[PDB]
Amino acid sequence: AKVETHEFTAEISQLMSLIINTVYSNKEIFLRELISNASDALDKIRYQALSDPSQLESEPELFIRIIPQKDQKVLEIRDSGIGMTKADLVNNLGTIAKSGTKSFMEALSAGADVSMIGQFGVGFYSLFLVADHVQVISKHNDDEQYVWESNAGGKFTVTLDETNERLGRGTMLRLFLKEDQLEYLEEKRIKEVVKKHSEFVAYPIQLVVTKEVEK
């Protein structure tokens, strides 16, 4: 029930500051990056399930689900992948993310397109193109459901999840959209971006749409 605060490594907080402030034109590549991460997490549970089919019982369906929350100015990207333990959420640091972050920043200084972020293994942080803060809700088969939270600053929190829907297994990113990036709540826009950048995905990409029942 305690909110644990942790500090990012310097290189991660440097990267998040660059991304949250960039005026880069093609911000829609965030969604490709998060879909790719979701797909990778799904691949990992599928791989475990091949030897042990009981690892799927926590959530039998393998999906990616996009949930616009228009009233909250939130976009949720959910997967039923392997998920992250509390120790996985606290271990964003001492990771390959450290190696990805410094060389990507150097590449950006040399003129690399921001869309190359995924090639450096740090495409998660592309969410700061469109969002000023994020909650990462995750449930691994070996642990309880936890919430990781960040505002692109130096600090993050990890809290035992007593407030969100149960994932069963997997991860949900809750993006708190910037006031100029509310186009990513619209069905038409999300469909366009998925179709353009995420044609080759092995799992269903489900879009959750809320419409008024009319006369």
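Between two forms, the rigid core is the largest collection of C-alphas that superpose within 1.5 Å. Numbering starts at 1 and runs along the sequence shown.
Each structure in 8 other deposited structures of this protein is fitted to the shown form on the rigid core, and of 103-111 and 81-89 the C-alphas lie farther away on average for 103-111.
Stretch comparison, 5-13 versus 200-208: after rigid core superposition, larger RMS CA deviation in 8 other deposited structures of this protein is found for 5-13. Across the two stretches, 87-95 and 132-140, the PDB entry reports the greater mean Cα temperature factor for 87-95. Comparing 152-160 with 56-64, the stretch with the higher mean C-alpha B-factor in the PDB entry is 152-160. Of all the options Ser126, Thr101, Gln145, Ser80, the entry's greatest CA B-factor is assigned to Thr101.
Comparing the C-alpha B-factors of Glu179, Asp43, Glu165, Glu33 in the entry, the top value falls on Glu179.
When the modelled residues of the chain are ordered by C-alpha B-factor, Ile205 sits in the lowest third. When the modelled residues of the chain are ordered by C-alpha B-factor, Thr171 sits in the lowest third.
Placement of the Cα temperature factor of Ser39 within the chain: lowest third of the modelled residues, per the deposited record. When all modelled residues of the chain are sorted by CA temperature factor, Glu76 is found within the lowest third. In this PDB entry, the Cα temperature factor of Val193 sits in the bottom third of its chain's modelled residues, the lowest group.
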